[PDB]
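Here the structure is laid out as structure tokens; the discussion comes afterwards.
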Amino acid sequence: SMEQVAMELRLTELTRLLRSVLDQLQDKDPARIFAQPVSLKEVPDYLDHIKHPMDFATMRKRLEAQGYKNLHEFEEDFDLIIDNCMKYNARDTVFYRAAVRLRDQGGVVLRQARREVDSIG
């Protein structure tokens, strides 16, 4: 149907905008601490601690399959990156501190993304 196409175009354009959002958030992680999944070879107990691991590569795979239906879904996955780290790692670690800086800087980007998603529909 033509309606299904229109809906698919909307999803494509959201995907476009989320790709730009993802690039901007990942720039706020210049150390690449959040770039890839935590390695279960190197942290074998991880899944005992963290039930829903997340990282920027995994988000990018989901994004490119148009797997985010709305901005809330995408933000859920970004918040997992931050929140997982802030639980597993102590306050006095470079990992925790990187997550705080990513959360603070990413807030700015996400605030305007929400306005754009609402504005363009």
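Taking PDB author numbering, the leading residue of the sequence shown gets 22, the next gets one more, and so forth. For each residue, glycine too, the CB sits at the ideal point set by N, CA and C.
Pick from the options that is closest to residue i, judged by C-alpha positions
{"i": "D50", "options": "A119, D76 and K90", "result": "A119"}
Sequence-distant residues of the same chain with beta carbon closer than 7 Å to residue i, five excluded per side
{"i": "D48", "result": "none"}
{"i": "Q57", "result": "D76 and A78"}
{"i": "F55", "result": "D76, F77, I102 and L123"}
Nonlocal neighbours in the same chain, by C-beta distance under 8 Å from residue i, ignoring five residues either side
{"i": "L30", "result": "none"}
{"i": "residue 143", "result": "Limits of the chain in this structure are 22 at one end and 142 at the other, which puts residue 143 out of reach."}
Q: Could you tell me which uninterrupted alpha helix (DSSP H) segments, each at least 4 residues in length, are contained entirely in the stretch 69 to 100, listed from first to last along the chain?
A: 77 to 85
Q. So, do the stretch 34 to 43 and the stretch 104 to 112 have three or more beta carbon pairs nearer to each other than 8 Å?
A. no
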